[PDB]
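Throughout, read-outs are computed from the coordinates displayed, never taken from laboratory work. Cβ placement follows ideal geometry from the backbone for every residue including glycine, while neighbour counts extend to all protein chains displayed.
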Amino acid sequence: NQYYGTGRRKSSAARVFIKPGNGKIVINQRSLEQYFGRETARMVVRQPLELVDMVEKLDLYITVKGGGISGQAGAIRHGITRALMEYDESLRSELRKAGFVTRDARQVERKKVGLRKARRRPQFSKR
Amino acid sequence: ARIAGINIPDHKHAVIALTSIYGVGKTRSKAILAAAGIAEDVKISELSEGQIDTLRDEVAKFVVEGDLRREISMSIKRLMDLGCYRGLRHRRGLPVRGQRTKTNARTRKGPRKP
Amino acid sequence: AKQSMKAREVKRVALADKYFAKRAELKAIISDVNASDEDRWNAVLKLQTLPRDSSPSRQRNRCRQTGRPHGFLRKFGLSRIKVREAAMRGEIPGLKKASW
Amino acid sequence: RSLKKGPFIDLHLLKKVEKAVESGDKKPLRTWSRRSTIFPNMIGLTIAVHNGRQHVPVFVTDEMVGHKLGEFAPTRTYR
Amino acid sequence: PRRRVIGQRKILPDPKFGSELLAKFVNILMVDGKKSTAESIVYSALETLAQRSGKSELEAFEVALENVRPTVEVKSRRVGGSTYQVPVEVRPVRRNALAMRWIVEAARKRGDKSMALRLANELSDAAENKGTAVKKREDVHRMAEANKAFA
Amino acid sequence: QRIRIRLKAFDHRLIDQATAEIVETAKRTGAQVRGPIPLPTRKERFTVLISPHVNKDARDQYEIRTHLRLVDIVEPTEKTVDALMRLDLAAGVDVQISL
Amino acid sequence: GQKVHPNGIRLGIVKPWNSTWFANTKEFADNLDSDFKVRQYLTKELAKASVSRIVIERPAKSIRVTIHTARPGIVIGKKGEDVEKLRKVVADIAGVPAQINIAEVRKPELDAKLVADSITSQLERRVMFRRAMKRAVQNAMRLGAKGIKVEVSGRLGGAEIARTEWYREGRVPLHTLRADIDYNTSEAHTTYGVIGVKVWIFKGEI
RNA sequence: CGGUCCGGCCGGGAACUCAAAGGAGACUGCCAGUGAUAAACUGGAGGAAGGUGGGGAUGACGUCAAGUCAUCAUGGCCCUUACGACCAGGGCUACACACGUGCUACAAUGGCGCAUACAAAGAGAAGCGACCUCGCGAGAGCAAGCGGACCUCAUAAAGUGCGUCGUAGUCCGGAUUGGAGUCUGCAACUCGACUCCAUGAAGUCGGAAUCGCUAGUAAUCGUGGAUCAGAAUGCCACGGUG
Ligand SMILES: [Mg+2]
Ligand SMILES: [Mg+2]
Ligand SMILES: [Mg+2]
Ligand SMILES: [Mg+2]
Ligand SMILES: [Mg+2]
Ligand SMILES: [Mg+2]
Ligand SMILES: [Mg+2]
Ligand SMILES: [Mg+2]
């Protein structure tokens with residue numbers, strides 16, 4: 001049976017499936033390099049496979065919907081770590097230290113009435 | 001280099017070199033090089049006297065330089081003699097098209113004075 | 001608004017359904033058909049002879065109780081002021097102060 | 001400015017231009033129709049175009065064709 | 001900061017060499033929230049700086065940073081209507097942040113073809129202490145040694 | 001074939017309570033019942049000026065939540081059709097019958 | 001400062017709608033003006049009949065008006081004499097067929113609209129505003145009101161300078177959404193101007 | 001999993017994403033230090049979340065005879081063959097100037113050309129309007145679906161890859177004006193938006209002075225909506241990077 005974990009950051013939602021053998025990464029029926037044009041986005045999904053060892057130990061089939069580049073990339077990072085604890089549960093200690101278990105609750109703040117943006121107040125004039 | 005309206009085009013790329021003429025913008029410059037069979041990303045160097053005259057004959061079709069200047073000046077004077085709204089505004093040096101005069105009209109009016 | 005200004009809108013509505021709904025639309029679409037008559041139509045001319053107030057674009061959206069021409073909302077048919085008054089009294093269904 | 005499918009002209013002014021050709025040149029044609037396009041059958045006529053208060057008489061020329069009657073009638077006084 | 005005593009936000013390290021100091025550096029250079037184009041100028045400048053100075057990318061930065069790093073600075077304080085400049089010893093974390101801030105501001109004020117070139121030539125000038133960036137530490141030094149009595 | 005019912009109401013604790021009546025009346029009178037499928041709520045938002053004159057930044061914000069419920073009954077049994085027909089539903093709930 | 005409408009803020013929390021019908025963007029404008037018009041008639045016709053609330057719901061292509069009244073006898077009449085004449089013109093105003101229901105308001109001294117309308121009718125009879133308020137408060141508290149607040153604004157007793165006077169007894173928590181606050185307004189059209197009446201009745205939490 | 005027109009597209013599967021109703025959870029509760037053994041704060045564990053977790057709604061008694069008789073209501077006053085009422089044209093858009101709020105800039109962290117990856121929230125029948133066709137284009141003709149997690153508005157743009165320009169009032173910047181059009185509307189002269197061709201102002205980072213913002217904020221990048229026949233750099237709302 002497949003080892004599953006859901007990961008989300010901002011409006012992005014990523015589903016992660018783990019099966020042992022090889023070091024394959026398939027994102028939305030595409031390659032890791034083919035989907036993300038930035039290497040900074042490529043390294044964050046590699047992060048959970050540093051503390052917990054893998055070079056060619058386990059494969060991953062991933063699908064992500066919504067958000068943007070770092071939004072999707074950050075969501076997958078949360079999903080891998082959730083699928084990793086689904087497989088072991090002793091890895092929790094190593095995953096808390098790196099802070100990958102934590103769901104980044106930082107969302108874009110609503111636009112408010114009387115304000116140009118979420119917090120940006122229009123230019124005041126005394127006279 | 002020397003094309004139609006006396007002007008001496010610089011030794012830059014073909015498309016930008018042709019925009020130097022009064023009456024030829026980005027679109028006309030592209031259409032002239034496409035009709036004469038010349039590349040857009042090539043400089044004035046290598047472009048022999050045999051490739052220059054074919055562009056001069058190509059550019060000769062549309063009104064350019066001094067011939068264009070007087071044509072624009074004729075259509076402006078025509079409006080002024082007629083006595084229409086459009087002409088009276090060219091006569092007074094103010095925004096013709098309908099733009100506000102209460103403020104920001106400094107392009108047509110000129111720099112402010114107390 | 002004024003009683004006369006309210007009355008003016010009634011006239012503009014009554015004439016909008018009389019002509020520019022069943023007759024003037026027939027001569028406007030006719031003044032668009034390229035296949036038939038490219039010169040001799042008079043349809044552009046006979047549109048002028050029809051009353052002005054008959055055109056649907058000549059009507060102004062006014063508050064159904066007060067008559068206010070500004071601050072109108074089509075969903076309720078009222079001005080921002082009377083919308084607030086009726087919303088707070090619970091007379092507007094499913095409407096309440098929202099937060100997110 | 002306007003769609004190539006017919007230039008505009010008021011019927012009350014159009015009939016006044018027709019009545020002035022057959023009956024010969026009269027006094028200035030008192031009209032409020034500033035929105036009408038000048039036609040070739042108008043050249044030589046004196047049309048009194050309103051400005052808001054007074055009727056401005058403008059002698060119709062060949063070059064005035066295509067333009068509106070209100071262009072030759074200034075609406076705002078500025079001195 | 002009247003009542004509330006806040007700490008300091010710990011930013012993620014550099015995606016290339018894993019330096020937190022370079023991650024602060026890319027952020028200082030970064031503009032309009034474009035991290036992608038920001039690190040692109042910082043790495044291209046480091047590549048052209050280490051190559052034209054004798055490798056050691058992390059060390060060639062440190063040499064240029066040691067010359068711009070300030071020891072003391074003045075603090076505006078109005079005691080009796082009069083504004084006195086009090087010389088205060090700057091903390092080690094702010095020491096680097098100010099040193100980096102002036103490198104980015106001095107390269108921005110340069111007339112070179114590109115920002116990767118402007119940065120590289122500014123880091124070269126600072127490595128030999130002869131630029132706009134080192135002068136900003138010098139002017140801050142003369143300001144401190146003058147008001148030395150009000151310490 | 002299949003009978004599709006679409007429910008619309010502004011109150012949520014009214015739509016799923018009237019849906020509970022339709023689902024229960026159908027499953028009791030012997031029919032295959034799919035759903036209650038909760039379809040997305042359309043949130044119509046309105047921002048009005050609160051002052052009768054000037055005072056631009058002061059505003060009142062309201063919404064109209066249009067809740068949706070989809071109930072699909074697979075078996076068109078006469079015992080189920082007639083039972084659903086003579087069902088006293090809430091007045092503030094719209095019922096859309098699709099064949 | 002400026003307070004939020006006590007009824008409006010509690011809608012969906014502890015207070016119900018006065019219009020429970022559903023419509024789309026198409027007929028929402030037409031039904032809302034029909035709801036005004038039907039209320040306009042009944043408030044005008046049953047003015048002496050002590051009407052506190054009016055609930056309008058639209059079952060299919062019909063109108064179900066629920067009149068909340070302190071005097072049901074005069075609203076009903078002689079064995080459906082008055083209900084029939086109302087239902088007849090309500091069906092004419094709405095277009096769709098009409099069905100009128102009458103709801104009995106047990107303790108009127110606890111209903112905001114009836115307390116406000118009493119004060120309003122009293123001011124128009126040339127009674128002292130202080131006496132009118134004090135009686136409203138005392139009547140409410142002795143019948144089990146957990147709290148009460150009554151306000152009267154403008155040219156009080158006919159005075160040239162307008163004032164805003166208010167009395168309060170018990171607990172009136174206007175910030176607790178959980179709290180059952182019955183709020184209503186009424187206008188007294190006096191010989192020396194308009195006098196506004198604001199009443200708040202706290203019936204308890206949850 | 002079975003079948004492939006390699007499209008969840010069709011049987012199916014109710015796992016998962018999501019949708020929307022109900023429920024759990026965080027209370028300084030635990031540990032340690034500080035502190036009058038108190039309140040509290042600081043740090044740590046566990047935890048998706050920690051000290052009001054993030055945001056909103058909610059504005060006490062009152063203050064300024066503060067704003068609104070032009071939303072409406074209304075005391076008093078004033079006009080009542082006119083201060084009322086109908087209509088055409090005009091004005092609210094004038095222009096020696098001054099001030100306030102914004103948009104767009106002055107460029108290589110950028111301009112242009114081609115290729116290309118990833119959103120969110122909305123609106124829609126007198127409507128949103130695909131596909132196809134014509135036009136360089138704004139658009140036009142023809143005509144499906146959809147009162148809508150189904151259909152349409154609608155291609156997100158920043159970003160990434162390659163090529164070009166090489167510090168030049170420039171392949172920066174777009175004002176102004178000339179010519180020709182498109183659409184809405186009885187009707188675009190005064191005074192609409194948009195396109196095509198040509199034109200190519202000022203401006204190379206702003207004196208005295210001054211404003212916003214403490215985190216998914218500032219900064220920047222696009223998207224939608226109300227009003228609306230048509231008319232957004234304004235307003236209200238949305239996510240992307242950060
Ligand atoms: Mg040119
Ligand atoms: Mg009136
Ligand atoms: Mg209009
Ligand atoms: Mg919940
Ligand atoms: Mg509170
Ligand atoms: Mg005053
Ligand atoms: Mg340009
Ligand atoms: Mg703060």
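Summary table below
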quantity	calculated
Partner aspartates and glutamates for D:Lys16 [C-alpha distance under 15 Å; skip if fewer than 8 residues away on the same chain]	D:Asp25
Estimated vicinal HN-Hα couplings, Hz - the range D:72-78 in sequence order (Karplus 6.51, -1.76, 1.60; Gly, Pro = x)	8, 9, x, 8, 10, 7, 9
Cβ-placed point charges (K, R +1; D, E -1), dipole of the range G:16-106 about Cα centre in debye, nearest 20	260
Hz values of 3J(HN,Hα) by residue in the range G:161-166 - Karplus curve (6.51, -1.76, 1.60), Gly and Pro given as x	9, 5, 10, 10, 10, 9
The range A:72-117: trypsin sites (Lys or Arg not before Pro) in DSSP coil with no more than 16 other Cβ atoms inside 10 Å	A:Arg103, A:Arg106, A:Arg110, A:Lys111, A:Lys112, A:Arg116, A:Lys117
The range C:1-63: trypsin sites (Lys or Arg not before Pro) falling in loop per DSSP and having at most 10 other Cβ within 10 Å	C:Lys2, C:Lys22, C:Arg40
Restraint check, G:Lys48/G:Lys146; A:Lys10/E:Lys34; E:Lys16/E:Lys136; E:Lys10/E:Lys35, Cα-Cα greater than 20 Å	G:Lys48/G:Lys146; E:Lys16/E:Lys136
Most fluctuating residue given options G:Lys26, G:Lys85, G:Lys107, as computed from a GNM of chain G linking Cα atoms under 10 Å	G:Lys26
Total charge dipole magnitude, chain F, about the Cα centre, Cβ charges on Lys, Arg, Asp, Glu only, Debye to nearest 20	280
In order through the range E:59-66: 3J(HN,Hα) via Karplus (6.51 cos²θ - 1.76 cosθ + 1.60), integer Hz, x for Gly, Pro	7, 5, 6, 4, 5, 5, 6, 5
Tilt relative to chain F, helix F:12-28 - C-alpha long axis, 0 to 90 degrees, to 10	10
GluC sites (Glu not before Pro) within the range E:83-141, DSSP loop, no more than 12 other Cβ atoms inside 10 Å	E:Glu128
Highest-MSF residue in chain F out of F:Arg34, F:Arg65, F:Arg45 [GNM, Cα springs under 10 Å]	F:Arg45
Where labels lie 7 Å past Cα in the beta-carbon direction, separation of G:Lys37 and G:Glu104 in nm	3.4
Backbone N under 14 Å from the A:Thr102 label point (7 Å along Cα→Cβ), restricted to the range E:11-33	E:11-13
Amide H contacts of G:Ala103 (H built 1.01 Å from N, under 5 Å, at least 5 apart or other chain)	G:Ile67, G:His68, G:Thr69
Scattering curve values for the range G:84-204, log₁₀ I(q)/I(0), Debye with Cα scatterers, q = 0.14, 0.16, 0.17, 0.18 Å⁻¹	-0.68, -0.80, -0.85, -0.89
Inter-chain Cβ neighbour average for residues G:37-44, partner chain, 10 Å	1
Taking all pairs of distinct alpha-carbon atoms in the range G:16-106, Kirkwood radius in angstrom	13.4
Partner chain coverage, peptide G:5-12 - average Cβ within 10 angstrom	6
Mean separation of Cα contacts under 8 Å (6+ apart) over length of chain A, as relative contact order %	33
Whole-number percent relative contact order across the range G:107-206, with pairs defined as alpha carbons under 8 Å at least 6 apart	34
Rg/Rg_globular for chain C, with Rg_globular taken as 2.2 N^0.38 Å and Rg from C-alpha atoms	1.56
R0 of 45 Å, Cβ-Cβ distance F:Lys27-A:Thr6: FRET efficiency to nearest 0.05	0.85
Chain B - convex hull of alpha carbons, volume per residue in Å³	153
Pairwise label distance in nanometres, B:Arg92 with G:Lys26, each label 7 Å out on the Cα-Cβ vector	5.4
Of A:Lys117/F:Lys43; G:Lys26/G:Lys203; A:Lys117/C:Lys75; C:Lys2/G:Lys15; C:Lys46/D:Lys19, those spanning more than 30 Å from alpha-carbon to alpha-carbon	G:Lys26/G:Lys203; C:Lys2/G:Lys15
Other-chain or far-sequence residues with amide H under 5 Å of C:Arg68's (modelled H)	C:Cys63
Chain G, relative contact order [Cα under 8 Å, separation at least 6], %	19
Positive-end extreme of charge dipole, chain F - chosen from F:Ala83, F:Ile22, F:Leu70 (charges on Cβ)	F:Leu70
FRET E, pair E:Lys35, B:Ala31, Förster distance 35 Å, beta-carbon r, rounded to 0.05	0.25
Point-to-point label distance, G:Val14-E:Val79, nm (Cα→Cβ direction, 7 Å offset)	6.1
Largest-first principal axis extents, alpha carbons of the range G:69-145, Å	46, 28, 23
Global geometry of chain E, whether rounded, prolate or oblate, following the gyration tensor of its Cα atoms and the 1.5 cut on a/c	prolate
Residue of G:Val152, G:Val14, G:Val105 that the Gaussian network model of chain G assigns the largest fluctuation, springs spanning Cα pairs under 10 Å	G:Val14
Interchain or long-range residues, amide H under 5 Å from G:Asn184's placed H	G:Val199
Chain D, dipole about Cα centre (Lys/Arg Cβ +1, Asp/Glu Cβ -1), debye to the nearest 20	460
Residue exposure sequence - E:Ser114, A:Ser93 - by fewest surrounding Cβ within 10 Å	A:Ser93, E:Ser114
Tail fraction, Cα-Cα pairs, the protein assembly as shown, threshold 36 Å, whole percent	75
